[PDB]
Each structure stands twice: as C-alpha cells, then as structure tokens.
$ cat run.cif   # mmCIF, C-alpha atoms
data_work
loop_
_atom_site.label_atom_id
_atom_site.label_comp_id
_atom_site.auth_asym_id
_atom_site.auth_seq_id
_atom_site.Cartn_x
_atom_site.Cartn_y
_atom_site.Cartn_z
CA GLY T 1 2.35 -8.37 -16.88
CA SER T 2 4.41 -8.83 -13.75
CA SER T 3 5.51 -5.65 -12.02
CA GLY T 4 7.77 -6.28 -9.05
CA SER T 5 11.44 -7.00 -9.62
CA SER T 6 13.95 -6.88 -6.79
CA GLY T 7 16.86 -4.49 -7.13
CA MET T 8 19.65 -3.85 -4.64
CA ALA T 9 18.09 -4.91 -1.36
CA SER T 10 20.50 -6.95 0.73
CA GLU T 11 18.64 -7.47 3.98
CA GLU T 12 16.01 -4.74 3.96
CA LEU T 13 13.95 -3.38 6.83
CA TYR T 14 10.54 -4.34 5.51
CA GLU T 15 8.92 -4.53 2.09
CA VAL T 16 5.38 -3.29 1.67
CA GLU T 17 3.20 -6.36 1.31
CA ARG T 18 -0.03 -4.62 0.39
CA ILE T 19 -2.64 -2.09 1.47
CA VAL T 20 -5.51 -3.27 3.65
CA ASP T 21 -6.84 0.19 4.43
CA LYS T 22 -6.19 3.89 4.02
CA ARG T 23 -7.21 7.04 5.86
CA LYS T 24 -6.13 10.54 6.82
CA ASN T 25 -4.60 11.57 10.12
CA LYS T 26 -6.19 14.13 12.42
CA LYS T 27 -3.30 16.26 11.20
CA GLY T 28 -4.37 15.79 7.60
CA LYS T 29 -1.78 13.24 6.53
CA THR T 30 -2.69 10.28 4.35
CA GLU T 31 -1.99 6.94 5.99
CA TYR T 32 -2.21 3.56 4.31
CA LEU T 33 -2.69 0.33 6.23
CA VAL T 34 0.10 -1.96 5.09
CA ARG T 35 1.20 -5.30 6.50
CA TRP T 36 4.72 -6.46 7.27
CA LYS T 37 6.58 -9.57 8.36
CA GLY T 38 6.18 -10.38 12.04
CA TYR T 39 3.14 -8.14 12.25
CA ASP T 40 0.00 -10.26 12.33
CA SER T 41 -3.16 -9.23 10.53
CA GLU T 42 -4.33 -7.39 13.63
CA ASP T 43 -0.79 -6.10 14.05
CA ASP T 44 -0.73 -4.23 10.76
CA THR T 45 0.42 -0.64 11.12
CA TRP T 46 -0.44 2.65 9.46
CA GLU T 47 2.17 4.29 7.27
CA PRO T 48 1.92 7.71 5.60
CA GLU T 49 2.09 7.73 1.82
CA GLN T 50 5.21 9.77 2.46
CA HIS T 51 6.95 6.86 4.14
CA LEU T 52 5.57 4.68 1.37
CA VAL T 53 8.14 5.72 -1.20
CA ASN T 54 8.29 3.69 -4.39
CA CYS T 55 5.19 1.91 -3.14
CA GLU T 56 2.85 3.93 -5.32
CA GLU T 57 2.20 0.73 -7.24
CA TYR T 58 0.63 -1.06 -4.30
CA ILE T 59 -1.32 1.99 -3.19
CA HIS T 60 -2.39 2.58 -6.77
CA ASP T 61 -3.64 -0.98 -7.06
CA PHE T 62 -5.25 -0.69 -3.64
CA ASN T 63 -6.83 2.58 -4.69
CA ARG T 64 -8.22 1.00 -7.83
CA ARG T 65 -9.95 -1.63 -5.73
CA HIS T 66 -11.67 0.94 -3.55
CA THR T 67 -12.42 3.30 -6.41
CA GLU T 68 -15.68 2.53 -8.18
CA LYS T 69 -15.71 2.46 -11.97
CA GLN T 70 -12.59 4.19 -13.24
CA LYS T 71 -10.20 1.83 -14.99
CA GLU T 72 -11.30 0.15 -18.20
CA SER T 73 -11.08 -3.60 -18.65
CA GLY T 74 -9.22 -5.18 -21.54
CA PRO T 75 -8.88 -8.62 -23.14
CA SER T 76 -5.84 -10.87 -23.02
CA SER T 77 -3.54 -10.38 -25.99
CA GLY T 78 -0.67 -12.62 -24.93
#
$ encode --input "run.cif" --output "structure tokens"
Amino acid sequence: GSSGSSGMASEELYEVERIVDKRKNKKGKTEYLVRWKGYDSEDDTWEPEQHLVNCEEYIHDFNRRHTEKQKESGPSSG
C-alpha cells in the first residue's frame, strides 16, 4: 500500500526525504543520514532519531534495507 499522507503542514521546515546512512555519535546517540531540499547529496546532514519524530517509517524502511534476512516476502493480493 501507500503510506505517506500529508496532514496539517502549511509551509513546513523540511520533510525527511529518506535515510542514506545511520550511525552513532561519540556520545552514544543514534544519527540517521537524511536528505533535505537545498542540501545536495554531499550536503546531506545527520539527524538523531530523536529529532526524527514521526519518521520511524523511513528509518524502519531504511533499517530493513540494511538488515539482512528479517522480513518475510509475500505475494500480491490486490
């Protein structure tokens, strides 16, 4: 299905496009490499999962990619 419906935005700062990387800070904080408008590919920044609120989806998806063998595949019902 399609998961990503806008809801009360009205000119927002920046919407998480997707995760390109993820790591922990020397402090021990989890940071996920997410892109944003204006920021080129090599301009991408690092945001802590904390700042990434309601972005679990993306991260989750991104995590799945990295993860090796975890989620089961299914056919297409309709």
$ resolve_selection --input "run.cif" --expression "the PyMOL selection byres ((chain T and resi 20) around 9)" --output "PyMOL selection string"
chain T and resi 18-19+21-22+32-35+44+62
$ resolve_selection --input "run.cif" --expression "the PyMOL selection byres ((chain T and resi 55) around 12)" --output "VMD selection string"
chain T and resid 3 to 4 14 to 19 32 34 47 to 54 56 to 62
$ closest_residue --input "run.cif" --among "T:68, T:23, T:13, T:75" --to "residue 38 (chain T)" --atoms "only C-alpha atoms"
T:13
$ atom_distance --input "run.cif" --atom1 "CA of residue 36 (chain T)" --atom2 "CA of residue 70 (chain T)"
28.9 Å
$ atom_distance --input "run.cif" --atom1 "CA of residue 67 (chain T)" --atom2 "CA of residue 42 (chain T)"
24.1 Å
$ closest_residue --input "run.cif" --among "T:9, T:2, T:31, T:76" --to "residue 45 (chain T)" --atoms "all atoms listed in the file"
T:31
$ closest_residue --input "run.cif" --among "T:7, T:71, T:1, T:46" --to "residue 24 (chain T)" --atoms "only C-alpha atoms"
T:46
$ atom_distance --input "run.cif" --atom1 "CA of residue 30 (chain T)" --atom2 "CA of residue 66 (chain T)"
15.2 Å
$ axis_aligned_box --input "run.cif" --around "region 25-32 of chain T" --padding-each-side "5 Å" --output "AutoDock Vina command-line options"
--center_x -4.0 --center_y 9.9 --center_z 8.4 --size_x 14.4 --size_y 22.7 --size_z 18.1
$ build_atoms --input "run.cif" --residues "region 56-76 of chain T" --atoms "N, CA, C and O atoms" --output "PDB file, in the frame of the given file"
ATOM      1  N   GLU T  56       3.991   3.423  -4.584  1.00  0.00           N
ATOM      2  CA  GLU T  56       2.850   3.930  -5.320  1.00  0.00           C
ATOM      3  C   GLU T  56       2.066   2.774  -5.950  1.00  0.00           C
ATOM      4  O   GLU T  56       0.843   2.715  -5.842  1.00  0.00           O
ATOM      5  N   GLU T  57       2.807   1.884  -6.592  1.00  0.00           N
ATOM      6  CA  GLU T  57       2.200   0.730  -7.240  1.00  0.00           C
ATOM      7  C   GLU T  57       1.112   0.132  -6.345  1.00  0.00           C
ATOM      8  O   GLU T  57      -0.072   0.205  -6.669  1.00  0.00           O
ATOM      9  N   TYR T  58       1.554  -0.445  -5.238  1.00  0.00           N
ATOM     10  CA  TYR T  58       0.630  -1.060  -4.300  1.00  0.00           C
ATOM     11  C   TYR T  58      -0.569  -0.147  -4.034  1.00  0.00           C
ATOM     12  O   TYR T  58      -1.706  -0.518  -4.318  1.00  0.00           O
ATOM     13  N   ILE T  59      -0.276   1.028  -3.493  1.00  0.00           N
ATOM     14  CA  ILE T  59      -1.320   1.990  -3.190  1.00  0.00           C
ATOM     15  C   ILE T  59      -2.246   2.132  -4.401  1.00  0.00           C
ATOM     16  O   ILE T  59      -3.459   1.980  -4.278  1.00  0.00           O
ATOM     17  N   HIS T  60      -1.637   2.419  -5.543  1.00  0.00           N
ATOM     18  CA  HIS T  60      -2.390   2.580  -6.770  1.00  0.00           C
ATOM     19  C   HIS T  60      -3.378   1.420  -6.927  1.00  0.00           C
ATOM     20  O   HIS T  60      -4.583   1.637  -7.042  1.00  0.00           O
ATOM     21  N   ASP T  61      -2.828   0.215  -6.923  1.00  0.00           N
ATOM     22  CA  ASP T  61      -3.640  -0.980  -7.060  1.00  0.00           C
ATOM     23  C   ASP T  61      -4.737  -0.970  -5.991  1.00  0.00           C
ATOM     24  O   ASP T  61      -5.912  -1.175  -6.298  1.00  0.00           O
ATOM     25  N   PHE T  62      -4.315  -0.731  -4.759  1.00  0.00           N
ATOM     26  CA  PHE T  62      -5.250  -0.690  -3.640  1.00  0.00           C
ATOM     27  C   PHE T  62      -6.332   0.361  -3.871  1.00  0.00           C
ATOM     28  O   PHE T  62      -7.499   0.133  -3.558  1.00  0.00           O
ATOM     29  N   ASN T  63      -5.909   1.495  -4.414  1.00  0.00           N
ATOM     30  CA  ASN T  63      -6.830   2.580  -4.690  1.00  0.00           C
ATOM     31  C   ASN T  63      -7.860   2.126  -5.723  1.00  0.00           C
ATOM     32  O   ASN T  63      -9.057   2.357  -5.557  1.00  0.00           O
ATOM     33  N   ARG T  64      -7.357   1.488  -6.768  1.00  0.00           N
ATOM     34  CA  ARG T  64      -8.220   1.000  -7.830  1.00  0.00           C
ATOM     35  C   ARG T  64      -9.354   0.154  -7.246  1.00  0.00           C
ATOM     36  O   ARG T  64     -10.517   0.347  -7.596  1.00  0.00           O
ATOM     37  N   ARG T  65      -8.977  -0.762  -6.367  1.00  0.00           N
ATOM     38  CA  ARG T  65      -9.950  -1.630  -5.730  1.00  0.00           C
ATOM     39  C   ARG T  65     -11.083  -0.807  -5.119  1.00  0.00           C
ATOM     40  O   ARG T  65     -12.248  -0.990  -5.469  1.00  0.00           O
ATOM     41  N   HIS T  66     -10.702   0.085  -4.217  1.00  0.00           N
ATOM     42  CA  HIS T  66     -11.670   0.940  -3.550  1.00  0.00           C
ATOM     43  C   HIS T  66     -12.486   1.701  -4.601  1.00  0.00           C
ATOM     44  O   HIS T  66     -13.702   1.539  -4.685  1.00  0.00           O
ATOM     45  N   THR T  67     -11.782   2.516  -5.374  1.00  0.00           N
ATOM     46  CA  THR T  67     -12.420   3.300  -6.410  1.00  0.00           C
ATOM     47  C   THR T  67     -13.513   2.482  -7.107  1.00  0.00           C
ATOM     48  O   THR T  67     -13.376   1.270  -7.263  1.00  0.00           O
ATOM     49  N   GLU T  68     -14.569   3.176  -7.506  1.00  0.00           N
ATOM     50  CA  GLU T  68     -15.680   2.530  -8.180  1.00  0.00           C
ATOM     51  C   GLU T  68     -15.798   3.036  -9.619  1.00  0.00           C
ATOM     52  O   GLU T  68     -16.042   4.221  -9.843  1.00  0.00           O
ATOM     53  N   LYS T  69     -15.621   2.116 -10.556  1.00  0.00           N
ATOM     54  CA  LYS T  69     -15.710   2.460 -11.970  1.00  0.00           C
ATOM     55  C   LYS T  69     -14.723   3.591 -12.271  1.00  0.00           C
ATOM     56  O   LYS T  69     -14.984   4.748 -11.947  1.00  0.00           O
ATOM     57  N   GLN T  70     -13.614   3.216 -12.892  1.00  0.00           N
ATOM     58  CA  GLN T  70     -12.590   4.190 -13.240  1.00  0.00           C
ATOM     59  C   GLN T  70     -11.684   3.625 -14.342  1.00  0.00           C
ATOM     60  O   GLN T  70     -11.548   4.225 -15.408  1.00  0.00           O
ATOM     61  N   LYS T  71     -11.086   2.481 -14.044  1.00  0.00           N
ATOM     62  CA  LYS T  71     -10.200   1.830 -14.990  1.00  0.00           C
ATOM     63  C   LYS T  71     -11.017   0.944 -15.930  1.00  0.00           C
ATOM     64  O   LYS T  71     -11.968   0.293 -15.500  1.00  0.00           O
ATOM     65  N   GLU T  72     -10.618   0.944 -17.193  1.00  0.00           N
ATOM     66  CA  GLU T  72     -11.300   0.150 -18.200  1.00  0.00           C
ATOM     67  C   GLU T  72     -10.680  -1.248 -18.283  1.00  0.00           C
ATOM     68  O   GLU T  72      -9.471  -1.402 -18.121  1.00  0.00           O
ATOM     69  N   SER T  73     -11.534  -2.229 -18.538  1.00  0.00           N
ATOM     70  CA  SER T  73     -11.080  -3.600 -18.650  1.00  0.00           C
ATOM     71  C   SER T  73     -10.680  -3.910 -20.092  1.00  0.00           C
ATOM     72  O   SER T  73     -11.249  -3.351 -21.030  1.00  0.00           O
ATOM     73  N   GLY T  74      -9.703  -4.794 -20.229  1.00  0.00           N
ATOM     74  CA  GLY T  74      -9.220  -5.180 -21.540  1.00  0.00           C
ATOM     75  C   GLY T  74      -9.035  -6.696 -21.636  1.00  0.00           C
ATOM     76  O   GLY T  74      -8.885  -7.370 -20.619  1.00  0.00           O
ATOM     77  N   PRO T  75      -9.049  -7.201 -22.900  1.00  0.00           N
ATOM     78  CA  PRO T  75      -8.880  -8.620 -23.140  1.00  0.00           C
ATOM     79  C   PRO T  75      -7.427  -9.046 -22.951  1.00  0.00           C
ATOM     80  O   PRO T  75      -6.574  -8.220 -22.624  1.00  0.00           O
ATOM     81  N   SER T  76      -7.183 -10.332 -23.165  1.00  0.00           N
ATOM     82  CA  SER T  76      -5.840 -10.870 -23.020  1.00  0.00           C
ATOM     83  C   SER T  76      -5.220 -11.099 -24.401  1.00  0.00           C
ATOM     84  O   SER T  76      -5.647 -11.986 -25.140  1.00  0.00           O
TER      85      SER T  76
END
